[PDB]
């Protein structure tokens, strides 16, 4: 159900002083030689800023792709740090619409305000190696990501070792990879970094912050190691903190407060980033632990100990000072520690979230779409930033007899696809709340069917399910939406205590739990920005609210399609004249197939409550998975 317009831009992202060069393809799919017209309307939210247009006389079945200069949005035409929509209609000489497609355009200083982050990793077909022979596949994936406006790339497992992350050699072995013995060809990584940069995006190098590999000579004296306070998973009290598998040490850890380690790892990362052309550091840690310095390793006094997480903010501030031209972030697994970390000098906030983490809502697991929203909100409240969420989908898991341990593993045995709507709902839940779901991946992997991958597990190169063509196309639609409406979703936009409600035409209230922890509802809530309100409608009709879909297709995640819904929104404190004005300026947009980020005007009536306060009664024509109502106010 995709179009053949092949709408493409020269870059993924633009500075305000940079022209947008667009190319589009006009197809005469008719039996008559005639003028075919491409009309590309440039919208800023509901406002049509420009109409672009070009017509070409084409013989039957003839196509023409526009050349450089033919469709252009000149420099200094668009306000900075904003998203726009290009709404394209191809028409014949009778004004019949032959095909339609929409594309967002992102104008921004850099990726920090509205991060749209994808991963890049080695190829499962080639022992998870990163190889020059796979560049053509990577470049096809990267072209698709460019046209999805991705502004940043997480280079996963491209490093040699934690203390020598990207040396100047042609190839290296990743010796810590004991399961497949992956290799890296450095020219391949450099070519991927150069290609990312051609699009305007940045390249982030993933590496641990405190680690060294256990089978390499220590890069510093034991005075700089960190020690366990209590006997546990990382070894005995008074011994170096060690990550082991099957009684074999894999990594030892340094004290974040060690100045020698701070200087060592910052300088090592600077050299590695300069070797590869990287733009910053995607940090990680093995997990939190109560620890002692070397000087205190023999103490049993808890007041002499500290949690690693209580020194991460200081360590990151030191890294930022030592890496001033580089971007920096640190995964905070399950978002446990935003309160501790809120003042740290990270450029973006990144959390890998798991359903077994404790929810930001309180004492429940982080397993539902509403728990993802709550974490996003918690980060915005603490830092003012939009949370990048790693929330890997389905994660099929097996035992040794390949017995499935979950329903997604049953799908794997059936050579099935990812459950498209499950992935889209998680992406929707996170973006509607003001975050970004880091889900898309360039992995040169055959199960991605020529498109882009979807992250399924912590080891990003693994793709056990197929990405259907439908999911590839709908992922593209959703990325255009998250770009085009970024200013409505995450630019000084906060929760609204006004409680919208959603009804069918025949007397049912479909909004039942505004926290989004129960399914079988139209999850409905509002947000407030500077001159507007939004109402998010996430369709959970007839489906559960768990975001991960570990069941795969054993638990259907296509919600029951709705039509002709009514949404109410109270305007208490607003005059009738202002309400009437607002009612003529209610719009809806959706990334689902019926609109593909197009915006429509909604019929709306102003009624009053018992006290004469205005209430909007908004007619919503359709809800597939995700609608956003935009109320100018």
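Residue numbers count along the first chain shown, from 1.
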- Note on the structure: For 268-276 versus 413-421, entry-based mean Cα B-factors point to 413-421
- Identify the stretch, either 95-103 or 359-367, whose C-alpha atoms have the larger mean B-factor according to the entry. 359-367
- Message: Maximum C-alpha temperature factor per the entry, among 456, 513, 550, 216, belongs to which one?
- Response: 216
- Going by the entry, which of 385, 508, 527, 87 has the most elevated CA B factor? 508
- Classify residue 233 as lowest, middle or highest third according to the C-alpha B-factor given in the PDB entry, relative to its own chain. highest
- Note on the structure: On the chain's distribution of Cα B-factors, residue 591 falls within the third called lowest
- Note on the structure: On the chain's distribution of Cα B-factors, residue 161 falls within the third called middle
- Note on the structure: Temperature factor at the Cα of residue 4, chain-ranked in thirds, falls in the middle
- Task: Could you look up the Cα B-factor of residue 135 in the entry and say which third of the chain it sits in: lowest, middle or highest?
- Result: highest
